[PDB]
Amino acid sequence: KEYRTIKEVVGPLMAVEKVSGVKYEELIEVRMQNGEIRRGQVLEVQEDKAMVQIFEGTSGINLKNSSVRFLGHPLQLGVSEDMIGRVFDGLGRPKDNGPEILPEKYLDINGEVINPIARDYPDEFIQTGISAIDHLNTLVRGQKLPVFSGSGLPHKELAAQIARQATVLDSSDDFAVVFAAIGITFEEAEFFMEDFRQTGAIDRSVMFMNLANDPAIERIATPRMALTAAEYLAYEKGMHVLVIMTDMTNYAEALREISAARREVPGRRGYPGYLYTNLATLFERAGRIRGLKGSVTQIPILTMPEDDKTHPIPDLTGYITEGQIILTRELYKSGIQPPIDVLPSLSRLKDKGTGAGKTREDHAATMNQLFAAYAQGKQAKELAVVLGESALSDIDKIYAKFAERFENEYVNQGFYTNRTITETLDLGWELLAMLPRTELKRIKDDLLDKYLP
Amino acid sequence: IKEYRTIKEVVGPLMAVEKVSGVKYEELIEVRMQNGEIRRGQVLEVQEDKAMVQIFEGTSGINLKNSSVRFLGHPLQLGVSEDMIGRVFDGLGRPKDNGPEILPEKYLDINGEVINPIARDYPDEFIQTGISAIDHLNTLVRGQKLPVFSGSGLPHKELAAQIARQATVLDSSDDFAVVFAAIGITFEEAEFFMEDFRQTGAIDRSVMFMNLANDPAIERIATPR
Amino acid sequence: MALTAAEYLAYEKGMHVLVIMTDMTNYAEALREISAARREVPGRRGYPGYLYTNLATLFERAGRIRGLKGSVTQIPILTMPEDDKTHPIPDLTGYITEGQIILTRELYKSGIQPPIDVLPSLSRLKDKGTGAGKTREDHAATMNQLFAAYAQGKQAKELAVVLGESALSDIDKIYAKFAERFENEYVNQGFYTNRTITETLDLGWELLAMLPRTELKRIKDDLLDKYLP
Amino acid sequence: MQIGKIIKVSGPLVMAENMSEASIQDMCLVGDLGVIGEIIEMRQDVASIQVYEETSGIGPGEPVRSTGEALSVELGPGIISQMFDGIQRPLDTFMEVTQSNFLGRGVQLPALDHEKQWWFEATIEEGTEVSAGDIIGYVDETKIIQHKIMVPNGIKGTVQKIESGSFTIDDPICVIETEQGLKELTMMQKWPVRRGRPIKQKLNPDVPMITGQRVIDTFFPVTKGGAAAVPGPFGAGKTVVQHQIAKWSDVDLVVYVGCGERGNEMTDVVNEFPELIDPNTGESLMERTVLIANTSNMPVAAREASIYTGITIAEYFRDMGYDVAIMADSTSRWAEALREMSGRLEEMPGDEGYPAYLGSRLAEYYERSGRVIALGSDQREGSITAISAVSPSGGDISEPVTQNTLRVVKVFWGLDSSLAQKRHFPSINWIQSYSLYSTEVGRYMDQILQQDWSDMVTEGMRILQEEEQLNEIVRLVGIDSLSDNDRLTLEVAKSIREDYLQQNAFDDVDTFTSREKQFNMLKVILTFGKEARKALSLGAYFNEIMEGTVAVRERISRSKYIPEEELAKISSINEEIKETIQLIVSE
Amino acid sequence: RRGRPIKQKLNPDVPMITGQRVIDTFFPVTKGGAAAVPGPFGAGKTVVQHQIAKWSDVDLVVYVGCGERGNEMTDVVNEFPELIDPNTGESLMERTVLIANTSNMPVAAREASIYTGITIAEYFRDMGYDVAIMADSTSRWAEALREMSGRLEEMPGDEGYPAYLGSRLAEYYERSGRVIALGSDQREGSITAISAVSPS
Amino acid sequence: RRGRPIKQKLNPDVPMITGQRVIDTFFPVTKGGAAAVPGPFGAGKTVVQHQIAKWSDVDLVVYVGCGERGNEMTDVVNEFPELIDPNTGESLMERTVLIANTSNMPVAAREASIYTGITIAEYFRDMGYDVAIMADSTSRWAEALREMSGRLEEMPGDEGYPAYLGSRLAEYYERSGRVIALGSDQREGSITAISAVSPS
Amino acid sequence: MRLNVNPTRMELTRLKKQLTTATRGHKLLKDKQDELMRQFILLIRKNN
Amino acid sequence: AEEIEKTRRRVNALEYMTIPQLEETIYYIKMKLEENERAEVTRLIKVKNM
Ligand SMILES: Nc1ncnc2c1ncn2[C@@H]1O[C@H](COP(=O)(O)OP(=O)(O)O)[C@@H](O)[C@H]1O
Ligand SMILES: Nc1ncnc2c1ncn2[C@@H]1O[C@H](COP(=O)(O)OP(=O)(O)O)[C@@H](O)[C@H]1O
Ligand SMILES: [Mg+2]
Ligand SMILES: [Mg+2]
């Protein structure tokens with residue numbers, strides 16, 4: 001049923017007349033006079049007509065001699081067991097030159113809302129290999145922990161480093177890593193795909209790639225595809241899944257574009273009025289479920305415009321995600337890799353994955369000690385450069401010597417240097433050993449002499 | 001009287017009536033809902049056979065095809081009488097003290113008229129409020145506009161009630177009244193006034209208009225008028 | 001009407017025309033009046049989205065052309081609203097024109113005539129403009145030195161009036177003293193006094209003379225000795 | 001019912017023709033699926049509908065059926081010990097029938113159990129004439145609660161047919177004969193959520209609510225029918241506070257409303273609440289609690305209509321003569337949903353993008369809470385005490401939501417993060433916090449206890465306030481000037497900080513404190529610094545007493561853990577402190 | 001407005017010779033990299049791009065001047081024939097291609113100037129030459145799009161700019177970089193983008 | 001709305017004697033000059049303008065009560081006829097013309113009050129007299145323009161005020177000054193404009 | 001008491017950082033002032 | 001003694017001039033963009049209603 005009734009063309013928007021049975025957000029494709037085939041989507045449908053937006057642009061179309069076909073279905077995704085290892089686009093089409101998969105079933109990428117009473121809260125600790133993340137702001141399964149970066153802060157190295165080193169411990173369940181890429185430069189895209197190939201993580205992960213020049217309407221669909229794929233691996237295959245999305249700032253910029261297309265008036269800071277809700281729709285889809293052995297964990301990455309948290313992108317994200325991992329320009333320009341600053345960083349469910357059974361029995365006790373000692377050391381450092389070295393009590397001077405040794409040896413491991421949890425914990429002791437036995441008032445008599453050098 | 005059954009459309013708190021005639025700007029209306037409920041409203045603008053109105057209580061629950069609009073042929077009025085002294089009213093002049101109803105001497109537009117600047121007489125007379133800081137350093141004069149700038153938690157409630165009962169005019173004027181107006185205040189704040197007025201006998205000298213926070217916003221702006 | 005008459009006298013009649021337009025601000029106000037009347041989609045501060053283009057169609061109408069002896073040089077005057085450089089009118093003008101001359105109330109209140117703040121001002125044709133043949137060869141090195149010196153001197157003066165003169169270093173007070181003397185005589189010359197380029201250059205060295213040679217790392221050492229007092 | 005036809009679909013906006021018999025703000029099922037929606041506008045017979053679930057797959061031509069009513073709730077037996085969403089959908093019943101762990105579109109199902117049978121006990125006698133609110137009989141849903149079935153609004157007359165037995169909610173258990181006709185009454189009534197339930201008279205909340213938490217009841221008390229705002233940053237342990245409030249407070253029922261909260265915060269509320277235990281009965285608290293749960297990804301309307309659903313259910317038990325306590329968290333998330341719905345309607349925004357009616361909408365809510373006289377010849381009184389939580393943007397209380405809240409409430413419990421790692425439990429800043437009921441409560445607790453309790457509290461806060469100013473100035477020149485006369489008040493204030501304001505809610509005794517216990521406790525610390533001020537004015541320098549009073553400071557906080565019956569020790573602490581300073585006054 | 005086809009695309013490795021000590025040392029751009037020069041008027045955005053055009057170690061340069069001063073272009077044609085510098089033994093005009101669009105030129109022609117200068121660059125890229133394209137200024141392109149967006153009464157994005165600004169800019173930069181041309185000769189060609197941004 | 005014709009304008013070079021030490025000494029105003037008095041409430045905008053109306057060395061004074069307090073005009077019609085200067089024997093009210101459109105009076109008539117007073121001031125200016133007009137306040141005039149603007153569904157404009165606000169103001173103050181009235185006499189007259197601005 | 005108008009957005013948060021540095025500095029110089037004074041008074045009594 | 005005065009000057013100059021000028025500026029800056037934000041939002045509604 002191909003209609004040759006194209007009435008209007010304004011911008012990327014196109015108007016089709018004399019139609020029926022057409023649904024909202026229904027996928028369409030337009031056959032041109034030259035034969036070129038472009039896809040589209042119904043943005044608005046009235047009683048005897050419908051508005052559609054073409055993904056591949058509107059350049060060079062003759063309205064009289066072109067035709068439109070309605071496929072009678074929304075953006076769906078091909079679900080298959082044989083999916084891991086291959087690289088896809090924003091729409092789900094293969095990009096890896098491999099054997100085209102036969103899907104088990106097609107599902108709507110929007111998904112459904114999980115029943116509050118159905119939700120089962122997460123307990124299992126997840127190891128990412130990064131000390132600053134695996135000890136001070138520990139990641140737990142089913143958690144939603146984002147990463148706050150800036151233009152040029154190595155958030156792409158850390159993104160690669162996580163999925164490579166991210167591993168469940170002991171649990172006989174296999175580990176899935178649904179990676180999703182949003183509106184990124186080719187180099188950044190090529191970087192990630194290559195890096196996952198060589199590390200063998202490609203055979204342990206699923207990849208959804210979306211370049212910057214790719215149409216904005218599929219930039220918005222890219223996460224929804226990955227999350228639907230991630231939900232296909234956890235809840236219907238019983239696998240522990242980890243999701244990584246980059247960039248999330250690019251997702252919003254593309255989300256803004258189709259709003260002006262619908263001529264919808266922006267709510268705040270130029271971003272639409274459903275930004276918070278639209279984020280929650282694809283963020284809040286993570287966690288364990290009662291009765292099922294699945295697991296969905298998200299690590300969304302976003303670049304704060306000009307290093308500001310009060311910006312709508314990282315601010316609204318905070319109301320949805322539990323905690324945040326923040327990279328600092330001052331750290332990266334000092335050679336710290338990864339440039340994670342632990343003071344503004346936070347994990348709201350960290351204690352759920354600490355303690356005996358998940359990690360070493362001093363995990364929580366140590367964590368707060370290193371943390372409080374860092375702040376004190378930083379304050380000793382700031383007073384030192386203003387009043388001289390001598391104004392310091394020489395144990396405030398060792399707190400200062402502690403605080404830079406803390407960043408250079410503990411925080412800075414390297415983007416290609418894996419650190420297991422045990423190696424990180426006794427490392428803290430090795431640094432806490434600098435401090436005498438007198439100040440360590442966060443640790444008890446079982447643990448202080450059971451582990452301290 | 002005029003009763004029209006034709007409502008073109010209802011959008012939010014705003015209602016549109018068609019096939020209308022003899023309707024004026026700011027004219028008052030009454031909506032006869034299908035469930036018999038009567039809601040009051042006001043004409044915001046009128047053009048040709050169409051008049052745009054706004055409903056005080058709101059447009060919620062109204063069936064257009066079975067509701068009618070009556071235009072009262074007069075703006076928002078107030079029934080005035082000398083018997084208003086000692087009484088308590090709501091934001092729209094409707095009684096609230098559950099006392100006997102009042103037969104108004106006449107009705108007046110709450111907008112009133114502007115005093116001719118020539119006919120004006122410079123205030124020029126003293127009012128004793130009782131509060132020394134005012135009566136001496138910031139004296140209140142008969143006909144003056146003297147406001148109180150306060151803040152949250154600050155005892156401007158206690159100050160107002162104090163002036164309400166303490167303020168009298170010297171020279172033994174047997175006629176001195178207090179019109180106390182409450183705008184969008186909580187229940188307990190309203191009860192504070194009405195209780196203090198009765199127990200100090202200030203109610204016998206005062207006329208009270210009490211409007212609450214949950215009350216319609218239009219009622220809140222019509223209360224001082 | 002003015003720029004057309006300018007390009008007519010300068011090109012067809014080969015005259016040398018100097019274009020003075022004020023107030024340029026009132027021009028952009030007029031455009032916004034028509035724009036707001038036409039219900040057009042408004043840009044910043046309600047001004048038309050095509051303000052940059054329309055302004056350009058005025059300022060670009062200047063220069064010299066091959067074969068024609070005449071010239072049209074243009075000096076527009078605009079009052080910055082809010083005394084704000086980032087306002088649309090002074091912003092767009094600055095991006096179009098070949099530099100700008102800036103006045104400041106701080107200098108004007110100080111009794112400086114003319115009150116020209118030399119730091120945020122600019123000329124984009126000073127390169128090929130001056131050097132040997134048209135001026136003295138020190139003309140390029142003197143201005144670049146005076147800039148760096150005033151930039152350091154003025155900032156030192158700021159620190160002086162709040163932390164005390166005895167809180168500066170000896171070389172700081174040398175620049176701070178220089179910065180003040182810079183404003184009072186070099187910048188301030190009176191509206192009815194004509195300085196030839198020679199007198200200016202001569203005065204230029206005199207004012208920067210009160211500094212050690214070791215600090216001036218922006219002037220040729222062979223150039224120094226010859227023109228240094 | 002009349003069926004409509006969709007003529008336009010664009011995002012959440014759906015327009016359908018042939019809706020002439022429909023009303024404004026009516027609920028309606030949209031499309032083939034049957035998703036719920038609200039009628040916002042209507043021109044001619046064309047009604048504009050805001051669909052609250054996603055409209056993907058919906059197109060023109062599809063039917064639109066109106067429910068005939070605005071958003072309401074089912075009020076009757078089977079409501080207590082249940083967990084719904086914002087629009088009263090039973091989450092466990094949802095899972096059972098739909099056989100899914102998810103929430104699908106167009107899934108409508110009853111809120112109460114209509115198949116469940118209850119035993120009704122008629123206390124009303126045939127022949128008498130009833131009015132709105134009059135109890136006809138009762139059903140013991142779950143003791144502690146007796147679900148008192150009463151006459152709905154809009155009906156009155158003589159009752160003819162009635163006696164007890166086993167029925168369901170649909171079964172007409174009674175017959176009234178109004179002059180209009182003979183209408184039978186079921187034991188369930190439905191009521192709109194954006195309209196408050198009628199009362200005879202609203203009264204002042206003058207009776208203090210016994211929570212047992214010292215920091216609250218003494219300095220910042222909330223009466224039965226009052227309202228309190230709590231800002232909960234992370235780490236402050238706001239959840240611990242809410243639980244203690246729900247369990248220990250002398251209220252009859254509890255209504256929890258989770259509005260658009262995190263997924264990893266909502267099931268905590270869900271699963272940790274049956275774990276709570278009711279002291280008076282020793283059974284789970286859920287037998288006493290109706291719970292509303294929603295997440296940040298749930299339909300935007302359910303999030304907005306959350307607090308109205310709960311307050312309507314609260315007003316229902318309020319009319320029974322019960323004392324209800326409705327807890328909302330977060331109302332700042334509720335307003336962040338109300339803001340969004342405004343944007344969809346293209347309404348001209350107010351402060352920070354919030355609607356211009358944010359204050360009114362908030363005022364409408366809290367004014368429905370309070371001590372009232374319920375309808376009925378019995379003239380029984382009930383109360384709704386509102387506890388609402390806010391989550392400010394930067395700890396800023398000048399933000400529109402918090403600001404508009406404090407405009408219509410009289411109690412503020414500020415949870416400070418700075419006090420959290422100071423291990424101050426509960427983490428309530430005694431300085432910024434306030435309660436306008438404090439004076440009225442003072443007169444109440446003065447009489448009922450028959451002591452000068454209000455004077456003790458006034459003294460308590462005055463000392464602590466001085467500690468603040470002292471701390472500002474002691475920040476200068478260190479401890480110097482020693483100011484032993486000032487330094488004394490610090491040791492009193494330091495005490496007042498630990499003995500009273502601090503209380504571990506997990507300690508079996510330090511979790512609850514009755515009135516007479518609180519009185520005896522504060523009396524010690526007050527008389528300490530009083531007798532300490534005595535020896536100060538008599539010429540005795542006082543660190544020499546600080547050493548002599550080591551033996552009493554060991555008991556002033558042991559009194560904190562002193563059991564209920566043994567207040568005898570918590571009274572001898574007070575004339576003991578007399579001899580200590582006296583023995584030190586002899587030197 | 002159509003990207004010239006390629007076999008595949010490479011990561012730019014070879015550093016360029018700007019001659020400017022600041023950028024060649026601390027903030028270097030590879031052959032086929034994307035550099036942006038944001039700065040207010042008078043900061044020297046044009047000067048920098050002129051200095052790069054003069055002394056770059058590339059084989060061809062396309063100086064695209066849209067929405068900016070006319071004298072700046074007449075300056076280039078007056079001097080570049082007279083300047084001489086390796087790797088070419090001859091003049092610089094035998095290496096450069098100019099696309100001039102003054103600020104008082106038609107507004108719609110600004111977007112054209114950008115898309116023509118990059119297509120000519122892609123052309124010599126397909127030969128195997130290393131080419132650098134200087135867009136001065138890219139803000140003018142955006143301001144040009146802002147007018148047409150306003151005149152079309154379209155729903156604007158941030159600061160009045162079209163909501164499709166971010167996507168249209170991405171298309172321009174994802175049409176550069178080191179790649180290998182078509183055929184099977186497999187010559188490598190790089191397009192370096194030196195964009196001048198002029199924020200208000 | 002149309003200014004009364006004159007032969008030509010003249011430079012205001014003769015200072016006015018207001019009797020206010022701060023004004024006449026440090027910030028004087030000439031006959032034909034214009035002065036603005038911006039200030040918050042209670043600063044003394046009205047008092048200052050009353051002083052000029054009382055003591056200035058002019059032939060006539062035209063006071064405009066533009067959208068301000070009614071008592072402030074009642075205060076004038078009472079006190080002025082009782083203020084006699086020692087030389088004439090006659091009162092101050094015999095040289096003044098009052099225009100009063102108070103705040104609660106119809107907003108649209110605020111603009112009329114401004115234009116009515118200045119035209120009357122021009123009428124006696126043509127008689128060769130030195131007139132001084134007081135506007136209190138001009139802010140209420142601009143607020144009136146903004147009201148009618150929104151009703152007319154016009155577009156801003158700055159801070160809600162219409163785009164033609166500045167013009168109306170510029171047109172107004174340009175009607176004052178030292179002029180040569182029409183006629184063979186070529187007599188000289190002037191209008192000194194004192195305007196109170198009430199900034200938020 | 002207003003300095004000069006430099007309207008920018010990231011400048012606001014950098015200014016908040018500058019504020020905290022000023023408070024840090026003010027704090028440091030205040031208890032440095034007392035410690036310098038501490039020894040000053042000590043030495044005066046020796047001086048006199 | 002001399003250095004006390006220098007430090008005293010700096011503390012005073014920092015506390016009385018620097019800090020209050022900062023606070024009052026960020027407020028006036030915050031108010032500006034607060035007004036600018038919604039001044040555009042209204043205009044956008046006009047664009048929406050074309
Ligand atoms: N690198 C530089 N070296 C010397 N002078 C410079 C330099 N950059 C800019 N200038 C001076 O600043 C002026 C501005 O040049 P231009 O590049 O047009 O600024 P922009 O491109 O930022 O508008 C030039 O006329 C020049 O005199
Ligand atoms: N020149 C003055 N001399 C004495 N008092 C003055 C003077 N100017 C103003 N005031 C006082 O300030 C108050 C404000 O006067 P007014 O001119 O009405 O303020 P504004 O017009 O600026 O609102 C007056 O009541 C008066 O007491
Ligand atoms: Mg340039
Ligand atoms: Mg005045």
# chains A, B, ... in the order shown; residues from 1 in each chain; ligands from 1
>>> interface_residues(of="chain F", to="chain C", cutoff="10 Å", atoms="only C-alpha atoms", output="list in words")
residues 153, 154, 155, 156, 157, 158, 159, 162, 163, 164, 165, 166 and 167 of chain F
>>> interface_residues(of="chain A", to="chain G", cutoff="12 Å", atoms="only C-alpha atoms", output="number ranges by chain")
A: 269, 304-311, 379-380, 382-388, 391-392
>>> closest_atom_pairs(of="chain D", to="chain A", cutoff="9 Å", atoms="only C-alpha atoms", output="CSV")
residue,atom,partner,partner_atom,distance
D:6,CA,A:47,CA,7.9
D:7,CA,A:47,CA,4.7
D:8,CA,A:46,CA,4.3
D:9,CA,A:45,CA,5.5
D:10,CA,A:44,CA,4.7
D:11,CA,A:44,CA,7.4
D:55,CA,A:24,CA,6.8
D:56,CA,A:24,CA,5.3
D:57,CA,A:23,CA,5.1
D:58,CA,A:23,CA,5.1
D:59,CA,A:23,CA,4.1
D:60,CA,A:47,CA,5.7
D:61,CA,A:21,CA,7.4
D:62,CA,A:21,CA,8.8
D:83,CA,A:117,CA,8.3
D:85,CA,A:116,CA,8.9
D:91,CA,A:117,CA,6.4
D:92,CA,A:117,CA,6.8
D:94,CA,A:115,CA,8.6
D:95,CA,A:115,CA,7.8
D:100,CA,A:115,CA,8.5
D:101,CA,A:118,CA,5.3
D:102,CA,A:114,CA,4.1
D:103,CA,A:113,CA,5.1
D:104,CA,A:112,CA,6.3
D:105,CA,A:112,CA,8.3
D:234,CA,A:348,CA,7.9
D:235,CA,A:348,CA,8.8
D:261,CA,A:320,CA,8.0
D:262,CA,A:320,CA,6.0
D:263,CA,A:284,CA,6.2
D:264,CA,A:121,CA,6.9
D:266,CA,A:116,CA,7.0
D:267,CA,A:116,CA,6.1
D:268,CA,A:121,CA,7.8
D:270,CA,A:117,CA,6.9
D:271,CA,A:117,CA,8.3
D:293,CA,A:116,CA,7.3
D:294,CA,A:116,CA,7.3
D:295,CA,A:116,CA,7.5
D:296,CA,A:280,CA,6.0
D:297,CA,A:281,CA,4.9
D:298,CA,A:113,CA,6.6
D:300,CA,A:277,CA,8.0
D:333,CA,A:319,CA,8.9
D:336,CA,A:276,CA,8.8
D:337,CA,A:277,CA,8.5
D:339,CA,A:273,CA,8.5
D:340,CA,A:273,CA,6.0
D:341,CA,A:273,CA,8.8
D:343,CA,A:273,CA,5.9
D:344,CA,A:273,CA,7.6
D:346,CA,A:265,CA,7.6
D:349,CA,A:267,CA,9.0
D:352,CA,A:268,CA,8.5
D:353,CA,A:268,CA,7.1
D:393,CA,A:315,CA,8.7
>>> residues_near_ligand(ligand="ligand 1", cutoff="7 Å", atoms="only C-alpha atoms and all ligand atoms", output="list in words")
residues 95, 122, 123, 124, 125, 126 and 127 of chain C; 39, 40, 41, 42, 43, 44, 45, 46, 47 and 48 of chain E
>>> write_last_selection(atoms="N, CA and C atoms", output="mmCIF file, in the first residue's frame")
data_model
loop_
_atom_site.group_PDB
_atom_site.id
_atom_site.type_symbol
_atom_site.label_atom_id
_atom_site.label_comp_id
_atom_site.auth_asym_id
_atom_site.auth_seq_id
_atom_site.Cartn_x
_atom_site.Cartn_y
_atom_site.Cartn_z
ATOM 1 N N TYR C 95 32.822 43.205 15.561
ATOM 2 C CA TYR C 95 33.136 42.047 14.732
ATOM 3 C C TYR C 95 33.234 42.415 13.255
ATOM 4 N N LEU C 122 41.429 48.861 19.581
ATOM 5 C CA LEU C 122 42.146 48.091 18.571
ATOM 6 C C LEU C 122 42.124 48.746 17.192
ATOM 7 N N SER C 123 43.205 48.549 16.444
ATOM 8 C CA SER C 123 43.238 48.861 15.021
ATOM 9 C C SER C 123 43.705 47.615 14.280
ATOM 10 N N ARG C 124 43.042 47.273 13.183
ATOM 11 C CA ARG C 124 43.369 46.035 12.489
ATOM 12 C C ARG C 124 44.233 46.273 11.257
ATOM 13 N N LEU C 125 44.586 47.531 11.015
ATOM 14 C CA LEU C 125 45.388 47.880 9.850
ATOM 15 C C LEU C 125 46.650 48.635 10.250
ATOM 16 N N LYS C 126 47.063 48.483 11.504
ATOM 17 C CA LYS C 126 48.240 49.189 11.994
ATOM 18 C C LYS C 126 49.544 48.566 11.468
ATOM 19 N N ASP C 127 49.486 47.277 11.114
ATOM 20 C CA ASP C 127 50.637 46.557 10.571
ATOM 21 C C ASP C 127 51.232 47.295 9.367
ATOM 22 N N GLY E 39 37.147 32.888 20.126
ATOM 23 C CA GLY E 39 37.675 34.098 20.726
ATOM 24 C C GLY E 39 36.929 35.339 20.276
ATOM 25 N N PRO E 40 36.847 36.348 21.156
ATOM 26 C CA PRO E 40 36.177 37.615 20.849
ATOM 27 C C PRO E 40 36.921 38.398 19.773
ATOM 28 N N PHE E 41 36.326 39.482 19.287
ATOM 29 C CA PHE E 41 36.954 40.267 18.231
ATOM 30 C C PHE E 41 38.226 40.946 18.731
ATOM 31 N N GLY E 42 39.304 40.793 17.969
ATOM 32 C CA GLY E 42 40.574 41.403 18.314
ATOM 33 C C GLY E 42 41.554 40.446 18.960
ATOM 34 N N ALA E 43 41.160 39.181 19.071
ATOM 35 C CA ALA E 43 42.000 38.176 19.715
ATOM 36 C C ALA E 43 43.032 37.598 18.746
ATOM 37 N N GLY E 44 42.761 37.732 17.450
ATOM 38 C CA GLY E 44 43.693 37.307 16.421
ATOM 39 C C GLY E 44 43.354 35.980 15.769
ATOM 40 N N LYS E 45 42.063 35.687 15.661
ATOM 41 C CA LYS E 45 41.607 34.444 15.050
ATOM 42 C C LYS E 45 41.997 34.370 13.575
ATOM 43 N N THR E 46 41.835 35.483 12.865
ATOM 44 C CA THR E 46 42.175 35.547 11.447
ATOM 45 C C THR E 46 43.687 35.511 11.246
ATOM 46 N N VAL E 47 44.408 36.222 12.108
ATOM 47 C CA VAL E 47 45.865 36.254 12.062
ATOM 48 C C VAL E 47 46.447 34.850 12.180
ATOM 49 N N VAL E 48 45.952 34.091 13.152
ATOM 50 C CA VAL E 48 46.394 32.718 13.367
ATOM 51 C C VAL E 48 46.187 31.864 12.121
#
>>> closest_atom_pairs(of="chain H", to="chain E", cutoff="9 Å", atoms="only C-alpha atoms", output="CSV")
residue,atom,partner,partner_atom,distance
H:40,CA,E:159,CA,8.9
H:44,CA,E:155,CA,7.6
H:47,CA,E:155,CA,6.7
H:48,CA,E:155,CA,6.9
H:50,CA,E:153,CA,7.7
>>> residues_around(residues="stretch 185-200 of chain C", least_positions_apart="2", cutoff="7 Å", atoms="only C-alpha atoms", output="PyMOL selection string")
chain C and resi 112-114+116+181-183+202-204
>>> select_by_dssp(residues="stretch 83-228 of chain D", states="strand (DSSP E)", output="JSON, numbers by chain")
{"D": [83, 84, 102, 103, 118, 119, 120, 121, 122, 129, 130, 135, 136, 137, 138, 139, 140, 141, 142, 145, 146, 147, 148, 149, 150, 157, 158, 159, 160, 161, 165, 166, 167, 174, 175, 176, 177, 178, 181, 182, 183, 184, 185, 189, 190, 191, 192, 201, 202, 227, 228]}
>>> residues_around(residues="residue B:69", least_positions_apart="3", cutoff="6 Å", atoms="only C-alpha atoms", output="NGL selection string")
:B and (4 or 30-31)
>>> write_last_selection(atoms="N, CA, C and O atoms", output="PDB file, in the first residue's frame")
ATOM      1  N   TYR B   4     -28.728  31.622  28.348  1.00  0.00           N
ATOM      2  CA  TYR B   4     -28.210  31.091  27.091  1.00  0.00           C
ATOM      3  C   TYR B   4     -27.613  29.700  27.289  1.00  0.00           C
ATOM      4  O   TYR B   4     -26.808  29.482  28.194  1.00  0.00           O
ATOM      5  N   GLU B  30     -23.515  33.667  35.723  1.00  0.00           N
ATOM      6  CA  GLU B  30     -23.791  32.484  36.530  1.00  0.00           C
ATOM      7  C   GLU B  30     -23.926  31.256  35.637  1.00  0.00           C
ATOM      8  O   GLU B  30     -24.708  31.255  34.687  1.00  0.00           O
ATOM      9  N   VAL B  31     -23.161  30.214  35.944  1.00  0.00           N
ATOM     10  CA  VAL B  31     -23.207  28.984  35.161  1.00  0.00           C
ATOM     11  C   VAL B  31     -24.101  27.935  35.810  1.00  0.00           C
ATOM     12  O   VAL B  31     -23.839  27.484  36.925  1.00  0.00           O
TER      13      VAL B  31
END
